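>>> structure for this input, please:
(5 chains)
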Amino acid sequence: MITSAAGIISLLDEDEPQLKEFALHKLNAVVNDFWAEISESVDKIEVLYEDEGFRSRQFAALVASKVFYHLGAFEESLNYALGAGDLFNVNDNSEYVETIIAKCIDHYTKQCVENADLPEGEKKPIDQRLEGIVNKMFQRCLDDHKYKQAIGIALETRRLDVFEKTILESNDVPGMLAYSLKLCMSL
Amino acid sequence: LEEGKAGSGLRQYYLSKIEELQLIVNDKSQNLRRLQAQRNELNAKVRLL
Amino acid sequence: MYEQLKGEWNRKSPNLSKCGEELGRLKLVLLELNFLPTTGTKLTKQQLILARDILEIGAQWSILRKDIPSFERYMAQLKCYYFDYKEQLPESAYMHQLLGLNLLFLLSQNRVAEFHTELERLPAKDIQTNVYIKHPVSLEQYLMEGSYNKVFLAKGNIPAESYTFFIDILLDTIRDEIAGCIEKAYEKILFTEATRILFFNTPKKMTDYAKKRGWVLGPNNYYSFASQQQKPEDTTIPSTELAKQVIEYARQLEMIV
Amino acid sequence: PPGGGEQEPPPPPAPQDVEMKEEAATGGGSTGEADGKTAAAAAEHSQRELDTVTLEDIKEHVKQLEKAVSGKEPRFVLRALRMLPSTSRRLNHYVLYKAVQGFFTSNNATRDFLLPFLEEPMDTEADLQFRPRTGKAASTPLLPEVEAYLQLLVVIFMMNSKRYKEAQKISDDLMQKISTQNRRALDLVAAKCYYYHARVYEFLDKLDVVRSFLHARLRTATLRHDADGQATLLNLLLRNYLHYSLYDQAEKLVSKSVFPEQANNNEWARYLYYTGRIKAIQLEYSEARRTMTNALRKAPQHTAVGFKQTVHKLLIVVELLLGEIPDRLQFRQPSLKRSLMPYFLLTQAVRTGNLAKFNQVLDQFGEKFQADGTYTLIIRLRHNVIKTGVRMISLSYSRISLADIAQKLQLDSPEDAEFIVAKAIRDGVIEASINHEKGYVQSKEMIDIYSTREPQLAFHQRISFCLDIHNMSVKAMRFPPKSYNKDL
Amino acid sequence: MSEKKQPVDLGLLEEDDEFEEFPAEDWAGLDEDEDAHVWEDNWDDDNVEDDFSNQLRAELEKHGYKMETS
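Numbering: from 1, shown residues only, chains lettered A, B, ... in the order given. The coordinates are given below.
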């Protein structure tokens, strides 16, 4: 709707967030139109996000996570997309969701490689919601397994029981173990 | 679904861009090894001298 | 629509404590009334222009109370209604006045660059004959000239329009820059010029500036120190950075090799 | 009757050979070129396509073809359709369908067969295998030809062409990311289309659909792009922000990104002209001067006369602000002359600096340079005349008199003399020694260059910067030889 | 793109339609004395020429009278 509206900055810099909630809800509509206009309110979004005063940390962490990767590196957006707590979001073909799950999987298996060579000692903490949102779309891929990515993504994650549930409901078991070892011997 | 065609699809397209980076490394190896064949042929030529 | 609101609108109340209650009440009523411009059914333009007007006079009390964040708040909220897609909205008689206060705020906050780039939207050829339409551009063009005598002699040229005190606030917020630039003191300046250039005989500048600048006061003269007194370099550090530049020359000149 | 009746059929088939041979050489040459390895060989036909577009921009093709010569419109590719293998009988059909229309006559029309252009792309665009590159390389060349002559109720037909283009490939895309040479080319093809119907956009409507969608399509362009097509898509957004946007809190100093290799051999000139046009409203003296003059000196390939007159006009308009206005000296073309004829009297009148006379001279015959809009920089110039004049006084002798030079500067008063001269001293572009001994204002006005005055610190950054530019030019003479020996 | 030059050339057609060969001939009255001459020097000669076109054009004949008076 709006393009150069600056009133949302003053509404975001204001107390009594009962007016901030619908202002952010309407901000999520024009954020794809103009992502750079929020760069002046990014600092205040971080201020209201770090403290526990605001009740919905996902309304701030989603805006920050959708403006950071539009502004700079995917790391700072990933820390708040993974730091948004409980997020109710269905599967969509949007660029935002596919990029945050793309970098989420890439950095997920990246941490799995950084922690795969160190089985014991100085183990880095991994949040459970990362396993929830990676294993959610992962299981969505494991509805039929498409007979191509089961052992592939099961091997990229370097996890212990990730592939035992894949071979449970699978056709041509000797083809899945022969293709499995064939993929394992070529990496 | 809509992951192997969209998510793994853009992952495969990113793999194609990685194949473009391996085409820059590839042809850099090609022309660097052809210039290497030129210097090797010249130093081998004065070796024949 | 919801109520009259015309009783306390035009009533100029000197006490702003009641206008805070009416203000928050208008925030509670307008809270669900879709602050953002809505083109649905095209019939909401009445409540949108009435809300625009009550936020304009609410900005008038917001600048009457001297609240900097509230002024840019209500101006940032009314800019949403000024910049709109549908041109069917009739131009308010006080719109150019509130934009004049926006230029007053931009020049007051040392944001004159946003004025220089802002000079594009205002020549819309709406009236162009009123003295207040050309007043901010002539005053800011005099600011580009820097001549303060024309402003002081032109102080009594403003009509009965009640923003003369706001112009005096502008002079109060630019006197630090004009007095700061005239007191730069590259080499030296004598008091006999500061008597005329500076303000009246009231010793506010020689008192506040003695604790702000913190300089020496001589025999009825202003001395200037630390002017072109910096000693040149020993040429040792730039020789080291020249050696590092030579390292970068062997690097970039011979890196691939 | 005998003149045009006998000399009527010689004209029409004049462009037929170069248009059929051109579309067959670029079509069969591009598809037959990158058909084996489309992803390996890239950007070979880019300069060919843009050189053919710039070569066909001045085509006088359609002058009389409205009367029974529109037979070129109903025909189309018809290359290996309806079946991918067994194309020998279709190789015969290539001569058959071209020969049928040439026996006696042909039933032709102009505005009749326009909408049913999507009959083939429903099932098979060209061969069902190379659909993207043959779909865009098939549709996109011939569509602006029929869509020529934007006036005369073609705007609606242009909208039909819009919904046909988006509906067939670019509603989002045909496949999410082509990721090939027709993708990297599709960037500048869809962009060039956006410039083609940009006149339709700015004609009666405004920005509320497509260029706003160009942000989602702009970042959907993946961030791994070379930013060539993404930057060309940014050019139409910045030009849409050129006439009246006026918000500067985001694109100004936030649009500034990593800035990848965005050259296009034109995009430095026109893109830098755009960012210098937007950076020309705050009176940029150091950056936009050198970089906009450089952008003026760039883009010599096709035309450096018809388009550079505007960047030259703005260039001298912002050059006369500094007091030193260089006129047209080394360029001889009868376009900037006629463009500068009304502005010549005042741009020559800047240096002399007569307030009362030239103030009337400006509005006297001023029509276009003051009718350009909002009179911003000229209304700043009307009081900048005295600042350039007092800067000429800074380039003049030191001592300032109360009658000779004050009466000469049309300003005879003691207070405003030292006051405004001091307003010129606080700028920092000049050097003066403010001293008051008997009442006269002196000045040292030392404009001596750095010769034998701290030279190492003076041209140190000159040596470092010049060696950096010449050294990246050494990289620019090392890498292209690699791009030479890459294939052999 | 090179497609944005068309409206600029249309503006050139409007400027050419304002006066029909009037500035070409009227300015050609001076161009016939300026043709084949280096246009780099014509900026200085035109600068001082237009500068002295108002008053004191020659001023060399007046020095003989200004010697005894100044």
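>>> spell out the secondary structure type for the residue of chain A found nearest chain E.
Nearest residue of chain A to chain E (Cβ to the nearest Cβ) works out as residue A:3 at 23.7 Å. C-betas here are computed from N, CA, C, even on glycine. Counting by DSSP: H, G, I helix; E, B strand; the rest coil, the backbone at residue A:3 sits in coil.
>>> with adjacent residues omitted, what lies nearest to it?
The spatially closest residue to residue A:3, leaving aside those adjacent along the chain, is residue A:34, at 6.3 Å (Cβ to Cβ, 6 or more residues apart in numbering or on different chains).
>>> so how many other residues sit close to that neighbour?
Applying other Cβ atoms under 10 Å in any protein chain shown, we find 17 residues neighbouring residue A:34.
>>> quick check, the residue in chain B closest to chain E?
For chain B, Cβ to the nearest Cβ, closest residue to chain E: residue B:20, 25.3 Å.
>>> gap between the residue of chain A closest to chain E and residue C:37?
11 Å (Cβ to Cβ, to the nearest Å).
>>> the two: who's more crowded?
Set residue A:3 next to residue C:37 and count neighbours by other Cβ under 10 Å: residue C:37 wins out with 19 against 16.
>>> in terms of helices and strands, where is the more buried one?
Residue C:37 belongs to no helix or strand when assigned by DSSP states H and E.
>>> wait, it sits on residue C:48?
Yes. Counting by Cβ atoms under 8 Å, residue C:37 does reach residue C:48; the two are 6.8 Å apart.
>>> common neighbours of those two, please.
residue C:81 (Cβ atoms under 8 Å, 6 or more residues apart in numbering or on different chains).
>>> roughly how far is stretch A:114-126 from the heart of the chain?
A distance of 21 Å separates the C-alpha centroid of stretch A:114-126 from that of its chain, computed with Cα atoms, centre = their mean, to the nearest Å.
>>> and it, C-alpha only, in PDB?
What follows is stretch A:114-126 as a C-alpha-only set of coordinates in PDB (Å, rounded to 0.1, in the frame of the first residue of the first chain):
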ATOM      1  CA  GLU A 114      31.600 -29.000  12.500                       C
ATOM      2  CA  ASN A 115      30.400 -31.300  15.200                       C
ATOM      3  CA  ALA A 116      30.700 -34.600  13.300                       C
ATOM      4  CA  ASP A 117      34.500 -34.900  13.800                       C
ATOM      5  CA  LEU A 118      34.200 -34.200  17.600                       C
ATOM      6  CA  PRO A 119      32.000 -37.000  19.100                       C
ATOM      7  CA  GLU A 120      32.800 -36.200  22.700                       C
ATOM      8  CA  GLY A 121      34.000 -33.100  24.600                       C
ATOM      9  CA  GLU A 122      33.300 -29.400  24.000                       C
ATOM     10  CA  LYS A 123      30.000 -30.300  22.300                       C
ATOM     11  CA  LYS A 124      28.200 -27.200  20.900                       C
ATOM     12  CA  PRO A 125      24.600 -26.700  22.000                       C
ATOM     13  CA  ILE A 126      22.000 -27.300  19.300                       C
END
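>>> which residue is the nearest non-sequential neighbour of residue 9?
In the absence of a named chain, chain A is used. Closest to residue A:9 by Cβ to Cβ, 6+ apart is residue A:41, at 5.1 Å.
>>> hmm, no, I was thinking of chain E.
Using Cβ to Cβ, 6+ apart, the closest residue to residue E:9 is residue D:306 (5.8 Å).
>>> how about the contacts made by that neighbour?
D:335, E:5, E:8, E:9, E:12.
>>> what about it, distance to residue D:235?
From residue D:306 to residue D:235 the distance is 19 Å (Cβ to Cβ).
>>> one more: residue A:96?
25 Å.
>>> element containing residue 55, please.
Looking at chain A here, since you left the chain open. Assessed by DSSP H and E, residue A:55 sits outside every helix and strand.
>>> chain C is the one I meant
Counting by DSSP H and E, residue C:55 is found in helix C:45-64.
>>> go on, residue B:36?
Element membership for residue B:36 (DSSP H and E) is helix B:7-48.
>>> so does that helix get close to chain C?
No. Helix B:7-48 lies out of reach of chain C by Cβ under 8 Å from any Cβ of the partner chain, never closer than 8.8 Å.
>>> near chain C, which residues of the stretch 351-488 of chain D?
Counting by Cβ under 8 Å from any Cβ, the residues of the stretch 351-488 of chain D near chain C are D:373-376, D:379-380, D:383-384, D:386-387, D:415-416, D:418-420, D:422-423, D:425-426, D:432-436, D:454, D:456-457, D:460, D:464, D:467, D:471, D:474, D:478.
>>> in helices, which of those appear?
D:376, D:379-380, D:383-384, D:386-387, D:415-416, D:418-420, D:422-423, D:425, D:456-457, D:460, D:464, D:467, D:471, D:474, D:478 (DSSP state H).
>>> out of those residues, which end up buried?
By neighbour count, with 16 or more other Cβ atoms under 10 Å in any protein chain shown, these hold D:376, D:379-380, D:384, D:386-387, D:416, D:418-420, D:422-423, D:425, D:467 as buried.
>>> cool, thanks, signing off.
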